[PDB]
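Right, one structure below, let's go through it.
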Amino acid sequence: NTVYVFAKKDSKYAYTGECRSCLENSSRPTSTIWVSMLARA
Amino acid sequence: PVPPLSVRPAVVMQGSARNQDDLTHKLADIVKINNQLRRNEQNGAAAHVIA
Amino acid sequence: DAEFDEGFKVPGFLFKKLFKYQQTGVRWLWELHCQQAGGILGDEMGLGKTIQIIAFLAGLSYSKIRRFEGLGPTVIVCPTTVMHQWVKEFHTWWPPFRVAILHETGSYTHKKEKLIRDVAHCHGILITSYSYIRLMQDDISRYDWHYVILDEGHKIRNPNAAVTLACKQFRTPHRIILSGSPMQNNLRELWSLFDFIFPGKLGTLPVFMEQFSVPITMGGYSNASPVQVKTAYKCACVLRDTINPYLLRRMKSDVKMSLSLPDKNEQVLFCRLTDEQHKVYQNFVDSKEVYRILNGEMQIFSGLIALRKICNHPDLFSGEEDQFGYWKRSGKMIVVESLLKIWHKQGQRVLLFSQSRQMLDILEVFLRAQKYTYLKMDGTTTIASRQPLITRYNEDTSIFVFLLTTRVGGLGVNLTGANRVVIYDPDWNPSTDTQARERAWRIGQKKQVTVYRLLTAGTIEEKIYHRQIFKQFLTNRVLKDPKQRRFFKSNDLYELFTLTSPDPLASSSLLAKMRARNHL
DNA sequence: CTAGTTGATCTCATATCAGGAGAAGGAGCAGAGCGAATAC
RNA sequence: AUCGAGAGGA
DNA sequence: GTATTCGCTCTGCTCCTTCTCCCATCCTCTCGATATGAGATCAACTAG
Ligand SMILES: Nc1ncnc2c1ncn2[C@@H]1O[C@H](COP(=O)(O)OP(=O)(O)O)[C@@H](O)[C@H]1O
Ligand code: BEF
Ligand SMILES: [Mg+2]
């Protein structure tokens with residue numbers, strides 16, 4: 001449930017943020033959402 | 001080519017249960033599906049079932 | 001002479017001997033020949049099917065009908081015990097035919113392959129066994145045979161047996177099966193037979209299963225819902241209409257009045273386990289092996305066969321006058337002793353069947369223990385002597401009891417000299433017992449016959465009787481009528497290990513029939 | 001010669017994310033080069 | 001006995 | 001009759017994609033999981 005922004009040197013994204021969201025009561029496993037940045041109109 | 005028994009030894013176990021080797025089990029699988037496929041191709045079988 | 005539709009003539013002297021239903025069967029066989037399709041002479045045991053085939057072939061060769069002029073080289077596959085029977089019937093009924101046996105007994109005394117070649121190039125009749133057809137399938141199918149009659153063709157019931165695959169290699173369309181019981185355990189057998197005679201009518205085996213076997217069978221169970229019963233009825237009617245032209249099945253009820261057979265009885269005695277027999281049975285059903293069987297750990301066969309042996313006679317634990325197989329230790333043997341005494345004092349001849357060769361040996365020992373003059377025929381007796389033996393029992397009445405195994409003693413032999421018949425041990429297959437009991441009530445039986453089918457009450461034998469009653473009901477659902485009453489006596493589950501001893505149509509008739517079938 | 005007994009063997013039948021690196025293929029574009037094809 | 005796993009040693 | 005193009009082909013050039021391979025040596029221990037008979041055929045007798 002925390003947004004983490006990393007940058008992979010060898011990838012098609014300059015920057016990719018992710019959150020492994022998970023409802024507090026363990027109804028389900030954590031579902032991950034990624035919001036990326038396409039590499040370098 | 002089925003290999004001989006020395007390539008796939010049936011090792012005996014603390015009792016009498018003879019455990020077969022992975023190759024023997026796999027040859028069992030190949031044989032069963034080969035026989036089953038043979039009876040289908042010999043008989044009338046759907047082309048997609050034969051496939 | 002009798003003149004049929006196009007060019008088929010059967011000689012008058014030969015035709016006159018045949019009964020009305022037999023010449024109807026000859027008519028039907030030649031209609032099949034015109035259609036170039038196979039068929040099943042489903043007439044029950046003893047109604048005469050060797051004679052119908054012989055007459056039809058005699059008329060086919062006699063008629064010179066148009067590769068083959070008249071009759072070509074035909075092959076007749078029959079059980080080993082009835083090969084010489086077929087030879088005798090052919091010689092007496094149509095002596096012009098050359099009729100050679102392809103068997104170790106045989107008459108050739110050279111390479112067999114030479115015999116097949118000679119019969120193929122001479123347009124003779126080659127009688128062979130099912131084992132030989134399996135073994136010599138390389139040679140038997142290279143010669144373009146004209147007719148491939150299979151006597152007792154229900155041996156082809158298993159679609160995957162080597163004998164079935166061998167018999168289904170013959171290229172000719174003229175495939176005939178003689179079997180008074182062409183359904184014995186389920187509808188897979190019917191599919192196998194109809195694949196042999198006419199490969200297309202019932203489709204591929206998966207399709208036949210899905211369309212007929214599951215609906216028809218599943219609607220016969222006791223817990224069947226009414227809708228499912230009606231679906232089974234619809235499928236059974238469809239199958240009956242589908243198989244009608246190629247199955248000719250006459251009963252000994254529609255022919256009995258027109259054949260002057262004597263009376264028949266089909267009693268079923270429920271015998272009682274003795275104290276020692278009951279003790280052994282109770283100890284076995286309480287043993288750990290049956291417990292493991294019920295848990296699925298071991299195969300059921302060991303327990304099933306052990307219980308069948310115990311009911312037959314306690315030969316598991318072989319307990320003077322205490323030798324192996326002493327009659328007083330088995331209830332069914334006590335009943336058999338009483339019946340044999342009564343029948344011997346009545347001056348009658350008895351036909352004593354058994355499923356087990358070992359039980360047949362025990363019965364043989366018990367018969368020598370008495371003064372009864374017996375005569376035995378099981379799978380161990382040489383085939384060459386079997387037809388002689390039968391003739392012996394049919395000829396002199398000094399021989400009292402005829403011991404038999406139902407697999408060899410049944411299946412097409414004629415034992416009309418026998419008067420009483422006793423089936424000592426039930427089988428899982430009803431048809432084995434049916435053919436065994438029809439060994440006596442046949443054309444030529446001049447005396448009233450009765451069948452005594454021994455079962456031990458509350459044992460595995462009664463459960464087997466129930467299983468085969470269910471099988472017989474399933475068969476009657478598609479052979480005689482589709483209104484068959486559901487089997488309600490039992491659910492037929494895996495609790496047979498328990499001891500429970502007692503004490504042009506104008507589119508309106510066609511549309512109407514479519515509506516009728518769909519409303520079901 | 002010649003049938004009957006003895007073993008082996010086969011069939012059949014009985015239910016119920018925090019790798020990486022390199023080589024091989026296919027893709028799309030780019031142009032070169034030559035045949036035909038209008039056309040001055 | 002085989003397989004896998006784990007913990008360790010240099 | 002030669003310009004001039006011009007359509008069409010022939011590579012060929014980067015590149016992206018796939019895919020397949022590899023990832024120290026040796027040694028010790030513990031621990032968990034992992035049918036049965038009948039009939040037919042044939043061949044050896046086993047004697048007549
Ligand atoms: N038309 C007939 N006339 C005289 N005897 C007959 C006739 N039809 C059949 N039989 C006799 O009835 C017996 C049973 O016939 P068969 O065909 O051998 O048995 P199945 O029909 O049950 O196979 C045979 O011994 C045969 O001689
Ligand atoms: F059907 Be059998 F030949 F009596
Ligand atoms: Mg018959």
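Sequence lines set the chain letters: A, B, ... in the order given, protein chains first and strands last, and positions in each chain run from 1.
- Checking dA24(D) for Watson-Crick or G-U wobble geometry (two distances, each under 3.5 Å) identifies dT17(F) as its partner.
- The residue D22(B) sits apart from the nucleic acid: no heavy atom pair falls under 4.0 Å.
- If you measure from atom CG of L496(C) to atom P of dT14(D), you get 16 Å, rounded to the nearest angstrom.
- Using a 4.0 Å heavy-atom criterion, one finds that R386(C) contacts the sugar-phosphate atoms exclusively.
- When the pucker is read from the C1'-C2'-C3'-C4' torsion, the sugar belonging to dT4(F) turns out north, on the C3'-endo side.
- For the pair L360(C) CG and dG37(F) P, the computed distance is 15 Å after rounding to whole Å.
- Side-chain N/O atoms of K155(C) include none lying less than 4.0 angstrom from OP1 or OP2 on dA40(F).
- Relative to the side chain of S129(C), the nucleotides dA15(D), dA35(F), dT41(F) differ in distance, and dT41(F) lies closest.
- Atom pair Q137(C):CD and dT11(D):P shows a separation of 11 Å (rounding to whole Å applied).
- The pair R117(C)-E113(C) fails the salt-bridge criterion, with no side-chain N (NZ, NE, NH1 or NH2) lying under 4.0 Å from an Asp/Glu carboxylate O.
- Comparing the P positions of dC27(F) and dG26(D) gives a spacing of 47 Å, expressed to the nearest Å.
- Using the six-membered ring where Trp is involved, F473(C) and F487(C) have ring planes that are perpendicular, over 60° apart on the 30 and 60° scheme.
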Would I40(C) and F194(C) count as a side chain to side chain contact (heavy atoms under 4.5 Å, CB included) here? Give the steps. CA-CA 8 Å; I40(C) 311 185; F194(C) 269 76; 3.4 Å; yes

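- Contact annotation for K309(C): backbone-only contact, meaning every heavy-atom pair under 4.0 Å involves sugar-phosphate atoms and none involves a base.
- When both distances must be under 3.5 Å, the Watson-Crick or G-U wobble mate of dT16(D) does not exist.
- Nucleic acid contact class of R357(C) (heavy atoms, under 4.0 Å, all strands): base.
- Nearest-nucleotide positions on DNA chain F for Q299(C) and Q358(C) put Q299(C) closer to the 5' end.
- When heavy atoms are screened at a 4.0 angstrom cut-off, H103(C) is found touching the sugar-phosphate backbone but no base atom.
- Between the OH atom of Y221(C) and the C1' atom of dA15(D) there is a distance of 11 Å, given to the nearest Å.
- Using the six-membered ring where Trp is involved, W191(C) and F208(C) have ring planes that are tilted, between 30° and 60° apart.
- Summarising the geometry, the separation between CG on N491(C) and P on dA15(D) is reported as 16 Å, rounded to the nearest angstrom.
- Taking a cutoff of 4.0 Å between a charged side-chain nitrogen and a carboxylate oxygen, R20(A) and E18(A) qualify as a salt bridge.
- If you check every strand for non-hydrogen atoms under 4.0 Å, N185(C) touches sugar and phosphate atoms only.
- If you check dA35(F), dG20(D), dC17(D) against the side chain of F301(C), the one that comes closest is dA35(F).
- Residue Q14(B) is classed as having no contact, given no heavy-atom separation below 4.0 Å to the nucleic acid.
- Backbone-only engagement by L493(C) is indicated by non-hydrogen atom pairs under 4.0 Å involving sugar-phosphate atoms exclusively.
- Here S131(C) does not reach the OP1 or OP2 of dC10(D): none of its side-chain N or O atoms lies under 4.0 Å away.
- Note on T380(C): every side-chain N or O is 4.0 Å or more away from OP1 and OP2 of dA38(F).
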For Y281(C) and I460(C): C-alpha separation, side-chain torsions, deciding distance, then whether side chain to side chain contact (heavy atoms under 4.5 Å, CB included) applies. CA-CA 10 Å; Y281(C) 198 108; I460(C) 190 178; 3.6 Å; yes

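- Within the structure, every side-chain polar atom (N or O) of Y132(C) is placed at least 4.0 Å from both OP1 and OP2 of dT11(D).
- The distance from atom CD1 of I33(A) to atom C1' of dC17(D) is 17 Å, rounded to the nearest whole Å.
- Distances shorter than 4.0 Å separate none of the side-chain N or O atoms of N19(B) from OP1 or OP2 on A1(E).
- Side chain of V408(C), nearest nucleotide from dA40(F), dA13(D), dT34(F): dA40(F).
- Ring pair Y4(A)/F6(A) is tilted by interplanar angle, where 30° to 60° counts as tilted.
- By the rule that a glycosidic angle within 90° of 0 means syn, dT5(D) does not qualify and counts as anti.
- Among the heavy atoms of the strands, none lies under 4.0 Å from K463(C).
- In this structure, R18(B) does not reach the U2(E) phosphate: none of its side-chain N or O atoms is under 4.0 Å from OP1 or OP2.
- Evaluation of the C1'-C2'-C3'-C4' torsion of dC10(D) gives a negative value and hence a south sugar.
- Using a 4.0 Å heavy-atom distance criterion, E18(A) is classed as making no nucleic acid contact.
- Nucleotide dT34(F) has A1(E) as its partner under the Watson-Crick or G-U criteria, with both atom distances under 3.5 Å.
- Per the geometry, CZ belonging to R134(C) stands 7 Å off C1' belonging to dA40(F), to the nearest Å.
- Between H103(C) and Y132(C), the ring planes lie tilted relative to each other; the angle falls in the 30° to 60° range.
- Spacing between atom CG of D427(C) and atom P of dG37(F) amounts to 15 Å, rounded to whole angstrom units.
- When the side-chain nitrogen and oxygen atoms of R407(C) are compared with OP1 and OP2 of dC12(D), none of them lie within a distance under 4.0 Å.
- The side chain of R157(C) contributes an N or O atom lying less than 4.0 Å from OP1 or OP2 of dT14(D).
- Remark: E210(C) CD is loosely packed, at most 12 non-hydrogen atoms of other residues, nucleotides or ligands lying under 6.0 Å away.
- The furanose ring of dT14(D) falls on the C3'-endo (north) side of the pseudorotation cycle, as its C1'-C2'-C3'-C4' torsion is above zero.
- Nucleotide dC10(D) forms a Watson-Crick or G-U wobble pair with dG39(F), both donor-acceptor distances falling under 3.5 Å.
- Checking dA40(F), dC42(F), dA13(D) against the side-chain heavy atoms of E104(C) singles out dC42(F) as nearest.
- Judged by the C1'-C2'-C3'-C4' torsion, which is negative here, the sugar of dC13(F) sits on the south, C2'-endo side.
- Nucleotide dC29(F) shows a positive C1'-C2'-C3'-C4' value and thus a north, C3'-endo-like sugar.
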